[PDB]
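Below sits a lone chain in structure tokens, taken as the form solved without this ligand.
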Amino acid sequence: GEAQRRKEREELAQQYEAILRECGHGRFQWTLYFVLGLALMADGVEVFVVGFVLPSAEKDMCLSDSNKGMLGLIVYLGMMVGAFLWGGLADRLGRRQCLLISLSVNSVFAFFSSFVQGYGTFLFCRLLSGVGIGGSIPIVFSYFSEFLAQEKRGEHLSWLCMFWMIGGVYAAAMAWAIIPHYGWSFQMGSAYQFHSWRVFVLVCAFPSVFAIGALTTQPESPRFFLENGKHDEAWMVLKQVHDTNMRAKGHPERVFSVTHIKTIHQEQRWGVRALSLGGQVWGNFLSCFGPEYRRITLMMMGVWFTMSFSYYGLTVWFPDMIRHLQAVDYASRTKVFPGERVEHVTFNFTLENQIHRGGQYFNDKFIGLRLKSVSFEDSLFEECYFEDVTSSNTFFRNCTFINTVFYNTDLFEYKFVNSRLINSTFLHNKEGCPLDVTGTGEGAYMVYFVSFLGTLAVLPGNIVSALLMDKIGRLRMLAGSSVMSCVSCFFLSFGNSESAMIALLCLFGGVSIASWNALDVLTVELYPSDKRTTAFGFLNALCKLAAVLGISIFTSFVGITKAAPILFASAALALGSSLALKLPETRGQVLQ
């Protein structure tokens, strides 16, 4: 019974390989490659948006802490949910169908977030956008694999990973080209403001829309039709493949010789379907953990979780360390002016990164001064007058104000730390957030640069992995890349400047990419065609959960010590490599 089923499966797996070898590799495969490349480039774009718009959104929406942290993850949690959901539904509805639905969901919530004004609504919209783009990588790889013969399958599937780089580069370029124009203050509605970062959000939503447009012109995979008992549709799609390939070759006269194809025999109402769909998807998910796939699935779980944890941790750690080194340098350059007595003068200034201690100010007028990272400590202001005071990271500690007037100032209640005001008057206070919101200027440019260099270091690795996947093997590529990632993790000790961090980021990014390519190929090849997207979706959800855990842990260790990140990353990658070396070889086998 079960053995009979398995025999039928293996028979279909050989005939389909024969049909694909007859069809040949050509124009159809490359067209589909570019279409699904757009789908994957959307995914590549999506993970940069909130990181690039947080410096502007924090001031424009009054974002506190624990509110810029849950927006730095929310995409990963959304992709966690989306990956599992759409990968599960792709084996009951179809790869192309579920890809269309997920991409549309991603695009819709993305344009909508481009306009949302609050934070909770923006968090929800961007979570749903993450849910929509989460099913792109499982579905895409499991969809492209069902059109490839075994001769060059690792190479053709590995070329498909250039697209995530092409999306990262796109995001960096558009952030550089759009966000720095802070002047743009388009006004539609008095209570609402439309800045440049929203324009960036829209332009980042665009590639998903293009992906939907491109995908609407491709056929469903014939293997999905064959598994589900639909024979005519699969025959039609295979004929289309053969016709396109042969027309492109230059011989549009030969005939598709396959006449009959082996097919797997199949043995209010809205809610009825909803239940049946749920039951079938759950059955597929548990059958992924069956006697035939329980060892394989568990090493896949280990490998995916360990690699994701290390990769995401270090990738979020490198820019944090760069900022921390910049902050340390900025604190080292601070000026201190101990003891002052200024009296009877109108005295503005544009002072940055200073500390005044022990001052005594009497009858002073402070008109039109900009304060950036200026602290007044142990000071006394008596019949003073502040007008048109712009304050950024400015505090008054242990200060005493007597008969002073704050006219047209942004000196809110949080800027006077353990102060004493006597007969003080606040008039015409400026509009601002209730709490400190910080401010990022020129650093944005260099941030973009860094991104551009961390998604370009990946390029040599992509090229080499794609070229050598078929010659060397998946296990050897995965192992040889995970080990060298571990060695790079050890090298993280010998860097304490920002340039060193940039070089180390480039090195680690260039090294880990081959491993991730190998793992994508391996997890496509290792599952039957009736569970490929359910399995690949579950293991890509596990990846996003590991991402969340690793990001949190590795940002918790910034400025404390370097030993914790090095040890965690090296341990995780060593365990991942050890588990990966225990996986079966799938090179030179039919796609069963």
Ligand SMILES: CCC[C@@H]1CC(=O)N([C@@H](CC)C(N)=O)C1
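When you see a residue number, it is the position in the sequence shown, counting from 1.
The same protein also has a form deposited with this ligand bound, omitted here; what follows describes it.
Residues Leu40, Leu314 and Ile513 are all found to lie within 4.5 Å of this ligand in the deposited bound form, as judged by heavy atom distances. Only one of 180-188, 235-243, 153-161, 209-217 lies within 4.5 Å of this ligand in the deposited bound form by heavy atoms, and it is 153-161. With a 4.5 Å cutoff on heavy atoms, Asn517 counts as touching this ligand in the deposited bound form. Using a 4.5 angstroms limit between non-hydrogen atoms, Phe381 is distant from this ligand in the deposited bound form.
Within this chain, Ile137 lines the site of this ligand in the deposited bound form, having a heavy atom no more than 4.5 Å away. Interface residue remark: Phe122 is not counted as part of the site for this ligand in the deposited bound form, having no heavy atom within 4.5 Å. Residue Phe141 is the only one of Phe376, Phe141, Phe84, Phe109 with a heavy atom lying within 4.5 Å of this ligand in the deposited bound form. Shown here without this ligand, the chain has no residue in 221-247 lying with a heavy atom within 4.5 Å of that partner in the deposited bound form.
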